[PDB]
Amino acid sequence: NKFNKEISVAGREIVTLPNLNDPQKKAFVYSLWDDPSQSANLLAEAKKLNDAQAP
Amino acid sequence: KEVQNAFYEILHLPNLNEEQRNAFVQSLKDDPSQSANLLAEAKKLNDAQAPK
């Protein structure tokens with residue numbers, strides 16, 4: 001339950017990061033499902049990528 | 001990649017609250033064979049909870 005909640009919360013944040021493109025979001029989310037123990041690292045990577053793609 | 005795609009689409013649905021989204025993800029994990037039914041249920045709930 002803990003991991004499913006973690007990936008649900010992290011996944012929701014990832015898909016709502018406004019500067020990511022759809023393939024980037026989908027790739028992070030697929031990685032989340034494949035290895036939920038990486039949720040914090042994937043969220044952090046996604047946020048950094050999002051910030052580098054700011055207008 | 002059917003289960004992964006359903007997970008992705010569930011996470012994208014804007015009008016689910018956190019408890020509802022978490023519950024769908026848990027159900028997907030518990031029985032991935034039901035991905036299409038769960039996604040359809042989630043979509044229905046999403047549309048019913050559109051801001052009015």
Side-chain angles (χ1 to χ4, degrees), chain A residues 3-5 7-55, chain B residues 2-52:
Chain A
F3 290 100
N4 296 336
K5 206 258 188 87
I7 66 170
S8 181
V9 172
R12 178 57 184 167
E13 183 166 0
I14 288 170
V15 304
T16 57
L17 281 168
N19 310 324
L20 295 181
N21 65 44
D22 284 358
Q24 288 166 335
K25 297 172 179 174
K26 193 169 174 173
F28 288 128
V29 165
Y30 279 40
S31 293
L32 276 176
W33 188 263
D34 288 349
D35 186 355
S37 81
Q38 287 290 317
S39 68
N41 284 332
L42 286 165
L43 179 55
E45 182 185 357
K47 294 170 69 101
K48 290 168 182 169
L49 184 57
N50 176 78
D51 291 354
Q53 292 179 177
Chain B
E2 180 173 0
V3 191
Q4 288 93 322
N5 199 266
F7 178 53
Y8 181 68
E9 294 295 337
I10 289 166
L11 294 174
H12 207 269
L13 288 168
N15 303 330
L16 300 181
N17 70 30
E18 173 156 311
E19 184 273 327
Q20 293 161 342
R21 191 183 323 285
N22 292 347
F24 281 112
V25 175
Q26 181 69 49
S27 290
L28 187 60
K29 202 81 182 171
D30 285 351
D31 191 358
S33 67
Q34 295 289 312
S35 69
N37 291 342
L38 286 168
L39 179 54
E41 176 176 13
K43 174 62 178 155
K44 188 179 176 163
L45 178 58
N46 177 87
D47 295 350
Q49 294 185 156
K52 294 176 283 183

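Residue numbers begin at 1 in each chain, while the letters A, B, ... track the order of the sequences. Just so it is clear, the values below take in all heavy atoms, side chains as well, and ignore hydrogens, waters and symmetry mates.
- Residues A:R12 and B:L13 share a closest heavy-atom pair of NH1-O, 3.9 Å.
- Here the closest heavy-atom approach between residue A:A46 and residue A:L20 is recorded as O-CD2, 4.0 Å.
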Report the C-alpha separation of B:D30 and B:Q26 in whole Å, then their side-chain angles, then the decisive distance to 0.1 Å, and conclude whether the side chain to side chain donor-acceptor pair (under 3.5 Å) test is met. CA-CA 6 Å; B:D30 285 351; B:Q26 181 69 49; 3.0 Å; yes
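- A:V29 is not listed as a side-chain neighbour of A:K26, based on a closest heavy-atom distance of 4.5 Å or more.
- Side-chain contact between A:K5 and B:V25: absent, with no pair of heavy atoms (C-beta onward) separated by less than 4.5 Å.
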In sequence, state the C-alpha distance, the side-chain angles, and the governing distance for B:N5 and B:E2, and then conclude on side chain to side chain donor-acceptor pair (under 3.5 Å). CA-CA 5 Å; B:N5 199 266; B:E2 180 173 0; over 6 Å; no
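- B:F7 CZ to B:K29 NZ: the interatomic distance, rounded to the nearest 0.5 Å, is 8.0 Å.
- Using modelled atom types, no side-chain atom of A:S8 and backbone atom of A:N4 make a donor-acceptor pair closer than 3.5 Å.
- Taken from OG1 in A:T16 to NE2 in B:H12, the straight-line distance is 9.0 Å, to the nearest 0.5 Å.
- Nearest approach of A:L32 to A:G11, heavy atoms of both residues: CD1-CA, 3.6 Å.
- The existence of a salt bridge linking A:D51 and A:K47 is excluded, since no basic side-chain nitrogen approaches an acidic carboxylate oxygen closer than 4.0 Å.
- Between B:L38 and B:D31 the shortest heavy-atom distance is CD1-O, 4.4 Å.
- Rounding to the nearest 0.5 angstrom, the gap separating the CD atom in B:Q4 from the CD atom in B:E9 is 13.0 Å.
- When A:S39, A:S31, A:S37 are each tested for a side chain to side chain donor-acceptor pair (under 3.5 Å) with A:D35, only one passes: A:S37.
- Here the closest non-hydrogen pair linking B:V3 and B:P32 is CG2-CB, 3.6 Å.
- Under a 3.5 Å cut-off, the side chain of A:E13 and the backbone N or O of A:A10 do not form any donor-acceptor pair.
- Going from atom CG of B:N22 over to atom CD1 of B:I10 covers 11.0 Å, rounded to the nearest 0.5 Å.
- B:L11 CG to B:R21 CZ: the interatomic distance, rounded to the nearest 0.5 Å, is 6.5 Å.
- Applying the side chain to side chain contact (heavy atoms under 4.5 Å, CB included) rule to B:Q20 yields the partners B:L16, B:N17, B:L45, B:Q49; only residues at least two apart in sequence or on another chain are considered.
- Of all heavy-atom pairs between B:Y8 and A:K25, the closest is CE1-C, 4.0 Å.
- Qualifying side chain to side chain contact (heavy atoms under 4.5 Å, CB included) partners for A:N19, counting only residues two or more places apart in sequence or in other chains: A:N50, A:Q53, A:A54, A:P55.
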